[PDB]
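Here's the structure, in structure tokens; my notes come after.
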Amino acid sequence: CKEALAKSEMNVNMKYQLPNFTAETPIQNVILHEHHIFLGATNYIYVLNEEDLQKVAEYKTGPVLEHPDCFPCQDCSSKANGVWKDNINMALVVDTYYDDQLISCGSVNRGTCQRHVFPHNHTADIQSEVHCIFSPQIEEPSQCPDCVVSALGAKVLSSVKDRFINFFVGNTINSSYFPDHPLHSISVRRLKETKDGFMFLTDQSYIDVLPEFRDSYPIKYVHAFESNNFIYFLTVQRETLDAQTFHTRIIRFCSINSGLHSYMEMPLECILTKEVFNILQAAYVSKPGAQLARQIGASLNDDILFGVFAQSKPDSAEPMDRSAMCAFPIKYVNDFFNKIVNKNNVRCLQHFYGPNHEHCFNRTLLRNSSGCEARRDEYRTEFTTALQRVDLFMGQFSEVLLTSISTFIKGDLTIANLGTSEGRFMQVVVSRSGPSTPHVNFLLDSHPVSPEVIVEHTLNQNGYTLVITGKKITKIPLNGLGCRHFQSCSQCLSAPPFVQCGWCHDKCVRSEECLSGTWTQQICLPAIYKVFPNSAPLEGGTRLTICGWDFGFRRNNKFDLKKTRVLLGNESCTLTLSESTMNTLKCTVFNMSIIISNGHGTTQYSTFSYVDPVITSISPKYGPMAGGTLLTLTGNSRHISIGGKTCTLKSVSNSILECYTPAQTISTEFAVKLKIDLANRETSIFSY
Amino acid sequence: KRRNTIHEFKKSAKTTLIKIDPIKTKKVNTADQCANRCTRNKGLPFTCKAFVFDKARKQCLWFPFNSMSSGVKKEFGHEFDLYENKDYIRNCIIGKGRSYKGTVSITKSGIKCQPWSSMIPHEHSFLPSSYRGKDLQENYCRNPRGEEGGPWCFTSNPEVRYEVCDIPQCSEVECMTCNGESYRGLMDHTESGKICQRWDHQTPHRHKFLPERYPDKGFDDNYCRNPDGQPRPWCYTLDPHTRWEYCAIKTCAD
Amino acid sequence: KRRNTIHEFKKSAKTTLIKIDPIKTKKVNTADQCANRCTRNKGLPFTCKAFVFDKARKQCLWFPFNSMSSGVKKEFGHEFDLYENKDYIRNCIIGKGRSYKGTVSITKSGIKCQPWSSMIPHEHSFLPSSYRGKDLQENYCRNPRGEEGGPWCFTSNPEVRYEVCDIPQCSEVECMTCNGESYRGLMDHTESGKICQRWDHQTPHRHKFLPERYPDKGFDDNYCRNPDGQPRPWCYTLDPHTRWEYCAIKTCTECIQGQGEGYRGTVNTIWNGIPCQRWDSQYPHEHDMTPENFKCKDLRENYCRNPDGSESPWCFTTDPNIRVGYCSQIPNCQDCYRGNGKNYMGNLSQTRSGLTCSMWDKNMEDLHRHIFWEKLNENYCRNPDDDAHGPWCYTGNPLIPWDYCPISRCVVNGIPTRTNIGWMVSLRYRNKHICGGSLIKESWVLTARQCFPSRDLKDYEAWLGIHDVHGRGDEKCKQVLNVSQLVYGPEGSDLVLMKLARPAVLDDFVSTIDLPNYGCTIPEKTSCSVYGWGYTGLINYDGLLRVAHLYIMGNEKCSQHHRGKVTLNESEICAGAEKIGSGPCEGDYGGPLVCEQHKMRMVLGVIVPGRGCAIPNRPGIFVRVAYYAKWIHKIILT
């Protein structure tokens, strides 16, 4: 009875009290810094203490009149003619190279940024000093060095090269936005040291999609990170603009402020096996645990890129809610760019250089022989042979959309802070070696999990993971949010050791609570729920379903369904492999106790009997032969028939059986023989 | 208690092999049981692709290396009787060829095979530890699942994941002159897909011919010939059920 | 099969333990199965800390206590033999600390870690009840949670609740001498993590040594000994398949140290791939070197090392023709602590820029003609001259004679100037000023890396001899010159020189400045000034070059002012305005910090951007030319 014993499966939905902070508006970005945790949110900036998430200081970025002639950071409150638009933060960074400051980067106000300064004694008081970055470009007013961030979507990454705060920013551009005020697809900004503007060091410092492909070929960037003297980006663009099918891409260029000299795109795909996922939902860069190190072949110290690849509606960007997560050891990707693909695979880069150009026609690639040497004739490149990865979960998530991921290490295992589209926050001990079941699978909130997650691990034993869902910021102790939810012994033993708890005879429980001292984590007895049926004739070796759990020997991952046997009295009932599961048994053999022996423990169930059948009375006695009359029998999985024809069973009971007599072209009476899998004692004759 | 895996082993007598290039020896009465130790899985901590027996020393030594390797020296030590495993020297496919160990690293379309150790460009190569005794070496293409299509390997070429190495069957270079007894060949494949019985041993089916009493008619290894000139070649079977069966060989011309 | 944890037990001879203040005795044939039962979980309810068997008795009596337990009397009874649980007595870390079960009760500050049954004085003592199976000892510190930090014991001390414990690995504690046979130790593991069998045993190997027959060599339990005089002690393996193995003991790896002499290696393969014969075996050509090797190195095997301390580790190739094959494949710990070239034999042939090194010999001729420092390899970038900046190479091309091969190694509030000035070099990018620079020789200027957005020279244009950043003030001294070539400094320098298309006439209007002595170290509190072409924090600046005085401060003083935001390195100087905020900012990069030492004035630094702009009561940070003056000389010889 698989349904009934499903109570063995863990309670997916249990409610937890964790430090939960709520905002008035949706939260987009969050940054952790010096024992304060700032949040950007629609029209507002919130700074909160960690361990309580008390909104200590609030600074409000007011909704701002947008009027065409009102300049960005000049004050046009006096204007009476033109709409009270609102701003949504898309870039919140912290700088400490210059001074301990926060930088916010608004949406509506032409995408011009402002910086808050931390006083020395007190750091939360951000509202005190606020300065808006802005420099009237008198020299070349035609271009914006200060109109930084777009509206549709952007990613911003701060860095300190050469004693130089550089913002690498990517924007999404609609065709309409340009002629009013230009922007750029990927660009490199120097902050002017006097902290009152940005400069474009060279026309080379930026790349903008050519004027014609603005409305078509939109690229939206999904992640941006730095490693190994390189600044990678992760975006999603159609392989061919005409094809209109979006696919995941990666961007590489060394961090020279002069501009993006070594600019290389590569396609990235993760397949399952050959189903290929063309969309990426989120990514996180981390170092791997010891176990995974060899298992993907990476050294323990190398950077690793985790991405939740998802299948997408065909010929469209919308995810289909089928997902995967896949690991890309950064050394592998760098080798792929430099030598794994040859010149034949390489091409020019369409959206910037153009479909037809002198550069596209012919050019040597100093791809292997040189790494990043600044070239005045820098070449824009687009590869074509996607870097194929395979799933880490082997598609155990093939039906549920993933939206946010993070990863930390612990012991030797490595853990993923997965998040789905409907607000469930799993944690999985990830390994290609074994399909491992999440040890936390509670539902967080109705709204989808945001990809922006801040995780801090302290002293390797106390850490936490801020996650953002809708309007909610929550602190989850990665240390194992609990183990009360486990109810199946196998599950109790499968939960990774970093959460100290083990079975004590009835439920997975922390060690120091249940007194019986039966608390164990290595070996435990199997549990039987029920048995069907318990009425067996002496000759009947009949199909007995056994409902229970922990019916398999518990080894790391694989369950040894082979170290199982059934003892009935003294004989052993006939155990059949293909129908024996750690879920259920299907065996085929004066109340008697059945005993079930496994590789670990033996359980005793008293619900069995060797009942001896009885039949005594039949109705009718004398009658006609029409073959439609009902028959009533009585006495103590069967079948009943007369003259080679089975009577339809009108009714069933232990003590009252009703059958409709079959029609027989004869006028005499017959003793009727019961066939309960076996011809047991026949009854007497009834006059047809 | 023992298996005549010698039906698989390759025999050359009155010879010896040494590799002095920096080895396990166990005392058994029969080369068959020493081969049995080599055949037993996990039983041998080293992967012996050969071994020599001498009845005289009552000792057997087992080499984790065949004569095909470099650094081996071949000498006339008459008491020593070599034992190879023709599976490596096969360079042929037998059906699915689940037990194919040969050293071919090229595919049909001519792109190199990816090493099974390196995860680039294909990460489904985690098999070197998954299947013990797959003999899956550095690069050469095998059939670890015994999948029907043939020995396949992953290509260094990023686009194509796996492609099956084309490998010609042993039959293709084997013909039979109409008599067959003149043909002195290399096959060991009957029509019913069974491997011949060892001539020199008489177990389990007991047959009349011994190679020593009829030398130069080549009763060596288990090679289907015509000992008495039947139309097409034949041998006694290892199989307890069938006494003897033919072997099917195509014909050649010119 | 069955079970075999007797090996994990110790033993002692002819002693019986009598606990005066207290267990079962069973006629069992095998004291080994007895110990296995004691190790096996659920065999005994009580805590079987050891066992004793008397084969005269043949009665199996496990002991749930140590001899270190108080009050137990040992008794010299021949028939009785003890078997101790080496976990508790060894008290040394072995592999993971996750399951520490050793009797150590001492804090890091040398206090007795309290009885864990003692609530006094610290609350959290219910740890054995909270965690069972962790061997949460009476008083000895044990990891309770498998904490990273390890056994942390609630110190009996009133002030500190708990203080941590540190257990050394047994392998580091154990050491052997070059002979090794004289060494006696409790180490019982082979070189492959395998375990030695019990000397008394005859399984799985029935070797020759009977410890009673050959006593006096310490053949007890599984302890590694040198019975056959190998350079390392060795034992027969508990695994039947492995005949025997060497034991890893340090003296009383791969990456190479020095010429590999003290280094020792387990790899006999070379660059030709030929495996190498043992120093024990004279094979192949019966070389007399192999007997000499036994004396030459007291650490040896079939593997390859450096008994003679050759430059590349050597062995005897199985190839009879070749007597010695160099094991140069093993790596050497890519330069650190040797900024001197000769200390580094650099195996590389490619410079910073991208040009390959040339045939060293012509360069040795030319350099011996030129350079006067006082046989190094052909065409490898090891530098001969032991220069300060490290390894460097020669290039054929004239414009760049030589360059380093890339390796790892170990104004606002100012005054206008009343008078025309010569050191000032006005750098002009698309015909506007971008930075100031210093005039060194008649065709050479000194500037900063930060000031060259483009590498192109078709656009840069230098002016000399100017009082107004646009030149509207004066033109007689304005000297317009193209730019010939750019030369970058060492790596991590942020320093650059640029050389002119043509020389200049030098007169009063245009002047050069000398350079410091190689270690020229400024006195603290010395006064000197910067000259700047920057914004000057002025609503309008007419375009006069602006001067700002300054005083040198120690690196320590700037560490204090910057509050640890500066991690001061050797090459920098820090000079800071006193009680006033005035400093160079945008436009001043490449500007000269010139300090009058004794009678004349001399340049010391370059103005470079860092940590803020003109911050009051905060110093300024520059690059000291002294650390690079020699490099300036070598390059100026081009």
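Each chain in the structure tokens gets a letter, A, B, ..., in the order shown, and its residues are numbered from 1; ligands are numbered from 1 in order too.
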query = chain B residues within 7 Å of chain A, counting only C-alpha atoms: which ones, as a VMD selection string?
reply = chain B and resid 123 158 to 159
Deliver the residues from the most recent selection as a file, using N, CA, C and O atoms, as a short mmCIF file (atom, residue, chain, number, x, y, z; two decimals), in the first residue's frame.
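Wrote out-v8.cif, looks like this:
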data_model
loop_
_atom_site.label_atom_id
_atom_site.label_comp_id
_atom_site.auth_asym_id
_atom_site.auth_seq_id
_atom_site.Cartn_x
_atom_site.Cartn_y
_atom_site.Cartn_z
N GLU B 123 32.52 15.11 -20.00
CA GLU B 123 32.59 14.82 -18.54
C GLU B 123 31.83 13.53 -18.19
O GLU B 123 31.64 13.27 -16.99
N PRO B 158 35.31 19.02 -29.95
CA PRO B 158 34.26 19.38 -28.98
C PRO B 158 32.85 19.10 -29.45
O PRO B 158 31.99 18.75 -28.63
N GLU B 159 32.57 19.23 -30.75
CA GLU B 159 31.18 19.15 -31.21
C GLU B 159 30.58 17.78 -30.93
O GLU B 159 29.51 17.68 -30.33
#
Go through chain B and flag each residue having an atom no more than 10 Å from chain C; for those, report the closest pair of atoms plus their distance in Å to one decimal, using only C-alpha atoms, ordered by chain and rising number, as a Markdown table.
| residue | atom | partner | partner_atom | distance |
| --- | --- | --- | --- | --- |
| B:20 | CA | C:318 | CA | 7.4 |
| B:21 | CA | C:275 | CA | 6.0 |
| B:22 | CA | C:275 | CA | 5.9 |
| B:24 | CA | C:241 | CA | 8.5 |
| B:43 | CA | C:241 | CA | 9.3 |
| B:44 | CA | C:241 | CA | 8.1 |
| B:45 | CA | C:241 | CA | 6.6 |
| B:46 | CA | C:241 | CA | 9.2 |
| B:71 | CA | C:318 | CA | 9.6 |
Same residues, N, CA, C and O atoms, output as an mmCIF file, in the first residue's frame:
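Here's the written file result-v9.cif:
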data_model
loop_
_atom_site.group_PDB
_atom_site.id
_atom_site.type_symbol
_atom_site.label_atom_id
_atom_site.label_comp_id
_atom_site.auth_asym_id
_atom_site.auth_seq_id
_atom_site.Cartn_x
_atom_site.Cartn_y
_atom_site.Cartn_z
ATOM 1 N N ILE B 20 63.371 -6.422 -17.171
ATOM 2 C CA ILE B 20 64.182 -5.866 -16.046
ATOM 3 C C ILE B 20 64.120 -4.339 -16.129
ATOM 4 O O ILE B 20 65.167 -3.724 -16.409
ATOM 5 N N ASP B 21 62.935 -3.759 -15.913
ATOM 6 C CA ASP B 21 62.761 -2.285 -16.026
ATOM 7 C C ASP B 21 61.970 -1.753 -14.823
ATOM 8 O O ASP B 21 60.775 -1.454 -15.006
ATOM 9 N N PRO B 22 62.560 -1.620 -13.613
ATOM 10 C CA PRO B 22 61.813 -1.178 -12.430
ATOM 11 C C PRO B 22 61.488 0.321 -12.500
ATOM 12 O O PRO B 22 60.315 0.638 -12.438
ATOM 13 N N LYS B 24 54.309 -10.698 -9.210
ATOM 14 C CA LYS B 24 53.773 -11.636 -8.188
ATOM 15 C C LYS B 24 53.827 -13.077 -8.705
ATOM 16 O O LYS B 24 53.403 -13.310 -9.855
ATOM 17 N N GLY B 43 40.804 -10.911 -7.161
ATOM 18 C CA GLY B 43 41.742 -11.905 -6.608
ATOM 19 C C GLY B 43 43.172 -11.465 -6.828
ATOM 20 O O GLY B 43 44.003 -11.679 -5.926
ATOM 21 N N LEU B 44 43.448 -10.870 -7.992
ATOM 22 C CA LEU B 44 44.847 -10.508 -8.337
ATOM 23 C C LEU B 44 45.086 -9.007 -8.112
ATOM 24 O O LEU B 44 44.509 -8.221 -8.889
ATOM 25 N N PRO B 45 45.888 -8.547 -7.116
ATOM 26 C CA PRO B 45 46.034 -7.096 -6.897
ATOM 27 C C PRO B 45 46.660 -6.374 -8.073
ATOM 28 O O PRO B 45 46.517 -5.153 -8.209
ATOM 29 N N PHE B 46 47.369 -7.102 -8.919
ATOM 30 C CA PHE B 46 47.898 -6.559 -10.154
ATOM 31 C C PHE B 46 47.206 -7.188 -11.361
ATOM 32 O O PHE B 46 46.804 -8.353 -11.345
ATOM 33 N N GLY B 71 60.429 -3.123 -23.590
ATOM 34 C CA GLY B 71 61.163 -3.565 -22.431
ATOM 35 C C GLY B 71 61.039 -5.040 -22.124
ATOM 36 O O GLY B 71 61.429 -5.462 -21.031
#
request  = Using only C-alpha atoms, select each residue of chain C with any atom at most 6 Å away from an atom of chain A, and give the selection as a PyMOL selection string.
outcome  = chain C and resi 130+453+610-612
key: Residues within 10 Å of range 104-110 of chain A, only C-alpha atoms, excluding chain neighbours under 6 positions, as a ChimeraX atom specification   = /A:40,42-43,45,61,63-67,71-73,85-94,116,132-133,146-153,156,181
request  = Among the residues of range 327-421 of chain C, find those DSSP assigns to helix (DSSP H, G or I) from the backbone and print them as a PyMOL selection string.
outcome  = chain C and resi 360-370
task = as a PyMOL selection string, please: all residues of range 353-538 of chain A that backbone DSSP puts in strand (DSSP E or B).
result = chain A and resi 381-382+387-390+402-404+407-410+413-416+419-420+424-429+440-443+449+454-458+462-469+472-476+501-503+508-510+520+527-532+535
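CA of residue 518 in chain C is positioned 18.3 Å from CA of residue 374 in chain C.
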